[PDB]
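See below for the structure under consideration.
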Amino acid sequence: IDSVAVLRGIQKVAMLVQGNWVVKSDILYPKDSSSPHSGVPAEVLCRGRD
Amino acid sequence: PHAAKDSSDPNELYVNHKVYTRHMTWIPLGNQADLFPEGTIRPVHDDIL
Amino acid sequence: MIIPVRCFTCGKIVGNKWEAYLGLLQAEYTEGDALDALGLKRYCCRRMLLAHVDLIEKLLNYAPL
Ligand SMILES: [Zn+2]
């Protein structure tokens, strides 16, 4: 698999932190999901993870 | 009445949610108010949950 | 369910040192150094605070409210 395609694919679902790639917050927490421990909406979880 | 939109921590959402022993109020009987000055009759640690 | 006020063996007041202990868990302190800083020399209070499970919030999650 070409490196450019993998890079373009990972740029849409991940962010660069200290040279490494961390998955985006909205990917782990969909809009209809909630915190399994507190039940807060997924938007707050995404803001906290960001 | 005034809290954040999320307020995940119970401290911001609710008030008096943890009943500490400091809420105990000594009620004088008869002349105990005159014999005992204010602040003497009270819980020892004042922080027991 | 909830942290007991008195220690079973000795009887030292331990209910008031629970939430602060949780603060020491919210901080970078480990278990042993936090129990030492709280003033628990004998191991009975250390067992009381360490082996205690906080089930009151799990029950309040099922409370009527
Ligand atoms: Zn003890």
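The chains in the structure tokens are called A, B, ... from first to last as shown; in each chain the residues are counted from 1, and the ligands are counted from 1 in the order shown.
Neighbouring residues of residue 44 of chain A at 12 Å or closer, counting only C-alpha atoms and skipping chain neighbours under 3 positions away, are residues 25, 26, 29, 30, 31, 33, 34, 35, 38, 39, 40, 41, 47, 48, 49 and 50 of chain A; 4, 5, 6, 7 and 8 of chain B.
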Once you count only C-alpha atoms, which residues of chain B turn out to be within 7 Å of chain C? Could you give them as an mmCIF file with N, CA and C atoms, in the first residue's frame?
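Contents of out-v4.cif, as written:
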```cif
data_model
loop_
_atom_site.group_PDB
_atom_site.id
_atom_site.type_symbol
_atom_site.label_atom_id
_atom_site.label_comp_id
_atom_site.auth_asym_id
_atom_site.auth_seq_id
_atom_site.Cartn_x
_atom_site.Cartn_y
_atom_site.Cartn_z
ATOM 1 N N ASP B 47 -15.610 16.886 60.389
ATOM 2 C CA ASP B 47 -15.437 16.502 58.993
ATOM 3 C C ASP B 47 -15.843 15.057 58.726
ATOM 4 N N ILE B 48 -16.509 14.401 59.673
ATOM 5 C CA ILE B 48 -16.918 13.014 59.480
ATOM 6 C C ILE B 48 -18.058 12.954 58.473
ATOM 7 N N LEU B 49 -17.901 12.109 57.457
ATOM 8 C CA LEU B 49 -18.926 11.929 56.433
ATOM 9 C C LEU B 49 -19.982 10.962 56.957
#
```
Report as a Markdown table: every residue of chain C with an atom at most 10 Å from ligand 1, its closest pair of atoms, and their distance in Å to one decimal, counting only C-alpha atoms and all ligand atoms, with rows sorted by chain and ascending residue number.
```
| residue | atom | partner | partner_atom_place_in_ligand_line | distance |
| --- | --- | --- | --- | --- |
| C:6 | CA | ligand 1 | 1 (Zn) | 7.8 |
| C:7 | CA | ligand 1 | 1 (Zn) | 4.6 |
| C:8 | CA | ligand 1 | 1 (Zn) | 6.6 |
| C:9 | CA | ligand 1 | 1 (Zn) | 5.8 |
| C:10 | CA | ligand 1 | 1 (Zn) | 4.7 |
| C:11 | CA | ligand 1 | 1 (Zn) | 5.7 |
| C:12 | CA | ligand 1 | 1 (Zn) | 5.3 |
| C:13 | CA | ligand 1 | 1 (Zn) | 8.0 |
| C:14 | CA | ligand 1 | 1 (Zn) | 7.6 |
| C:40 | CA | ligand 1 | 1 (Zn) | 7.6 |
| C:41 | CA | ligand 1 | 1 (Zn) | 8.8 |
| C:42 | CA | ligand 1 | 1 (Zn) | 6.6 |
| C:43 | CA | ligand 1 | 1 (Zn) | 7.1 |
| C:44 | CA | ligand 1 | 1 (Zn) | 4.3 |
| C:45 | CA | ligand 1 | 1 (Zn) | 3.6 |
| C:46 | CA | ligand 1 | 1 (Zn) | 7.3 |
| C:47 | CA | ligand 1 | 1 (Zn) | 8.1 |
| C:48 | CA | ligand 1 | 1 (Zn) | 7.0 |
| C:49 | CA | ligand 1 | 1 (Zn) | 9.2 |
```
Determine which residues of chain C DSSP labels as helix (DSSP H, G or I) from the backbone of this structure, then write them out as a ChimeraX atom specification. /C:15-26,31-37,43-50,56-60
Could you save the residues just selected, with C-alpha atoms, as a PDB file, in the first residue's frame?
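This went into result-v1.pdb:
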```pdb
ATOM      1  CA  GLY C  15     -14.624   8.260  58.312  1.00  0.00           C
ATOM      2  CA  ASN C  16     -13.358  11.843  58.092  1.00  0.00           C
ATOM      3  CA  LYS C  17     -10.148  10.729  56.327  1.00  0.00           C
ATOM      4  CA  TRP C  18     -11.881   9.036  53.377  1.00  0.00           C
ATOM      5  CA  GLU C  19     -12.531  11.829  50.866  1.00  0.00           C
ATOM      6  CA  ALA C  20      -9.143  13.416  51.578  1.00  0.00           C
ATOM      7  CA  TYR C  21      -7.653   9.986  50.877  1.00  0.00           C
ATOM      8  CA  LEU C  22      -9.497  10.102  47.553  1.00  0.00           C
ATOM      9  CA  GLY C  23      -7.863  13.487  47.037  1.00  0.00           C
ATOM     10  CA  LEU C  24      -4.510  11.819  47.648  1.00  0.00           C
ATOM     11  CA  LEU C  25      -5.620   9.359  44.968  1.00  0.00           C
ATOM     12  CA  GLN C  26      -6.550  12.284  42.717  1.00  0.00           C
ATOM     13  CA  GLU C  31      -1.397   4.029  48.519  1.00  0.00           C
ATOM     14  CA  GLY C  32       1.372   3.626  51.091  1.00  0.00           C
ATOM     15  CA  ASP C  33       2.646   7.202  51.153  1.00  0.00           C
ATOM     16  CA  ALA C  34      -0.919   8.544  51.290  1.00  0.00           C
ATOM     17  CA  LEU C  35      -1.815   6.264  54.205  1.00  0.00           C
ATOM     18  CA  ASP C  36       1.372   7.412  55.947  1.00  0.00           C
ATOM     19  CA  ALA C  37       0.581  11.093  55.340  1.00  0.00           C
ATOM     20  CA  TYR C  43      -1.934  -1.364  59.885  1.00  0.00           C
ATOM     21  CA  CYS C  44      -5.570  -1.726  60.999  1.00  0.00           C
ATOM     22  CA  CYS C  45      -6.553   1.753  59.797  1.00  0.00           C
ATOM     23  CA  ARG C  46      -4.492   1.164  56.647  1.00  0.00           C
ATOM     24  CA  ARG C  47      -6.529  -1.975  55.949  1.00  0.00           C
ATOM     25  CA  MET C  48      -9.752  -0.123  56.790  1.00  0.00           C
ATOM     26  CA  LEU C  49      -9.084   2.652  54.273  1.00  0.00           C
ATOM     27  CA  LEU C  50      -7.389   0.517  51.606  1.00  0.00           C
ATOM     28  CA  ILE C  56     -22.506   4.606  47.923  1.00  0.00           C
ATOM     29  CA  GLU C  57     -22.289   6.419  44.577  1.00  0.00           C
ATOM     30  CA  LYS C  58     -23.166   3.263  42.636  1.00  0.00           C
ATOM     31  CA  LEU C  59     -26.313   2.987  44.761  1.00  0.00           C
ATOM     32  CA  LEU C  60     -27.126   6.694  44.396  1.00  0.00           C
TER      33      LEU C  60
END
```
Using only C-alpha atoms, which residues sit within 10 Å of segment 16-32 of chain B once same-chain residues fewer than 4 positions away are excluded, as a compact mmCIF listing (two decimals) with C-alpha atoms, in the first residue's frame?
```txt
# COMPACT_ATOMS: atom_id res chain seq x y z
CA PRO B 10 -21.53 15.79 41.82
CA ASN B 11 -20.14 18.83 43.67
CA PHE B 36 -21.96 26.17 78.03
CA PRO B 37 -20.53 28.94 75.82
CA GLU B 38 -21.19 28.85 72.09
CA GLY B 39 -18.83 26.54 70.22
CA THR B 40 -18.09 24.18 73.12
CA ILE B 41 -20.84 21.63 72.42
CA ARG B 42 -20.10 20.41 68.90
CA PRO B 43 -18.80 17.37 66.99
CA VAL B 44 -15.14 16.65 67.61
CA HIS B 45 -13.73 16.26 64.10
CA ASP B 46 -16.40 18.33 62.23
CA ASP B 47 -15.44 16.50 58.99
CA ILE B 48 -16.92 13.01 59.48
CA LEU B 49 -18.93 11.93 56.43
CA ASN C 16 -13.36 11.84 58.09
```
In Å to one decimal, how far is atom CA of residue 43 of chain A from atom CA of residue 17 of chain A?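 Calculated distance between atom CA of residue 17 of chain A and atom CA of residue 43 of chain A is 21.0 Å.
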Strand (DSSP E) per DSSP on the backbone: members of chain A, as a list in words: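 These are the residues in question: residues 14, 15, 16, 17, 20, 21, 22 and 23 of chain A.
Here atom CA of residue 62 of chain C and atom CA of residue 27 of chain C stand 28.7 Å from one another.
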So how far away is atom CA of residue 22 of chain A from atom CA of residue 10 of chain A, in Å? 9.6 Å
